[PDB]
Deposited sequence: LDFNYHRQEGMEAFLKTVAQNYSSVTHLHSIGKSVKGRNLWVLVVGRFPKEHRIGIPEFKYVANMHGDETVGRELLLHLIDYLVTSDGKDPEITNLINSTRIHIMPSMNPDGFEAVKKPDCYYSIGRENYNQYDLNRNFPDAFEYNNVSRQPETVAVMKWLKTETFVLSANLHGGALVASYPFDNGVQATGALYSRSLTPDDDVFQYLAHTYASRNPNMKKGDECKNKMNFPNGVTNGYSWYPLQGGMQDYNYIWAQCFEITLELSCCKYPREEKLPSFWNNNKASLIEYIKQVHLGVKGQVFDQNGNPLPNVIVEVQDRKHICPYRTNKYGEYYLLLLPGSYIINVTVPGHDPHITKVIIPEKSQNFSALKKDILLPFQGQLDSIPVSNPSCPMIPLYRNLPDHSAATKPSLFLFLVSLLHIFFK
């Protein structure tokens, strides 16, 4: 692709075309429409695109939810191309594109983007959805009723997040240059008084933020954005930054069972075209190294003694119980991003004693797949109200 901006027509175009020229390993669809009839295109890239496949983890990149934050819109289109055209020629990337099913959403709020005609670094007519709402302040909140008009895009995504067993994510932003991990909101129980809101998996989230930023020359600088605040190593907790109520990152992790972190890829929210090559350049390796992380820890499926995948069962590590507990999918498989170390998973099938099953998670993988571990229970065999769970917790 070319390195200029790609409003709706041309970006859409690109996509549809990538659709044709590479149908063997791509699939484009739409999880919904803006409040303006604009399309929420997603492009999946995988060995067998179009259908989740037991074993291969699902991965996404949502970007442009803030109208005016354009770098990510463009990085995702360009990431897209990279992958299709690297497929087959570059081995490592090919091994990856094989081993995973990558879904890309270049622009969750296109009405916002289109809206601005006079580009700018700190403010604009875009950002908010067409009803002036902040799409990253519009999701259910596990901390304090975010009673607000759920918007088309917000909803489209919620359902979409339901359509697949997404394992690892990251929604792109501009306006700062840092990688923010959860929770973006908090409670004393999580340590709001220390100006920090930690997750059961703060270590994997930290490792994940660092993964991405360590690979961004500037994001790594820490002392980078002028009119903005800066961070060390380019990573930070959401709360230690700014308690964010009703954000997608928190949602994905609470109710959607997947890990999302926020990538703040540019100081200047809507930079000049001439700068994209550089933006592509200072992010390339970071997008790839991040996606690649969808293979941390273990995965597998769970069956009863008649070798039948029991879905909806709870499978989580001994001391990592989630507010809304992680269950298996319709295929009874389970995915748990974890760091190198020895674990104990408690398989608790409804109305049963939790089943122990121990696993040592390697310490360097030679392939692009998590550790596989199937569970045979020695017997036989709705999510959570989207209401502030942690509050009264």
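**OP:** Extract from the deposited sequence all ranges with no corresponding C-alpha coordinates, numbering residues from 1.
**Re:** Comparing the full sequence with the modelled residues, the uncovered ranges come out as 382-390, 403-426.
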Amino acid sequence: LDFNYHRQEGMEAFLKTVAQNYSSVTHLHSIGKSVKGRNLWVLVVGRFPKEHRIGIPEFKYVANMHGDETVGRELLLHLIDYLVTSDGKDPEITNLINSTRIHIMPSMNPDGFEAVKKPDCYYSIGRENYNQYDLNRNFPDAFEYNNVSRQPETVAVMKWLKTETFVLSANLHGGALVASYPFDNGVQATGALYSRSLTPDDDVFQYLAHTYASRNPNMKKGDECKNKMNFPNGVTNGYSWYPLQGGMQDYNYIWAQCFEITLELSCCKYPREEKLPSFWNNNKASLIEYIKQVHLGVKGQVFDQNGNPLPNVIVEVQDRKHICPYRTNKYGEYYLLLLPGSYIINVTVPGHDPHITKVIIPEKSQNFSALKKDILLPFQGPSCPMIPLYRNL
From here on, numbers count along this sequence of modelled residues.
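Subject >> Stretch with the higher entry mean CA B-factor, where the candidates are 46-54 and 63-71 >> reply: According to the PDB entry, the answer is 46-54.
Original post:
Comparing 269-277 with 222-230, which has the greater mean CA B-factor as deposited?
Top reply: Result: 222-230.
Subject >> Options 146, 240, 283, 252 - largest CA temperature factor per the record >> reply: Out of 146, 240, 283, 252, the record gives the largest C-alpha B-factor to 146.
**OP:** Would you check the entry's CA temperature factor for residue 41 and let me know if it's in the chain's lowest, middle or highest third?
**Re:** Ranked within chain, residue 41 CA B lands in the middle tercile.
Original post:
Going by what the PDB entry lists, where does residue 332 fall on CA B-factor within its chain: lowest, middle or highest third?
Top reply: Ranked within chain, residue 332 CA B lands in the lowest tercile.
Subject >> Among modelled residues of the same chain, the CA temperature factor third for residue 304 >> reply: Highest third, going by the recorded CA B-factors of the chain.
**OP:** Can you work out whether the C-alpha temperature factor of residue 217 puts it in the lowest, middle or highest third of the chain?
**Re:** Residue 217: CA B-factor falls in the lowest third of its chain.
**OP:** Tell me, lowest, middle or highest third: where does the Cα B factor of residue 184 rank within its chain?
**Re:** Its C-alpha B-factor, which the entry lists for residue 184, ranks in the highest third among residues of this chain.
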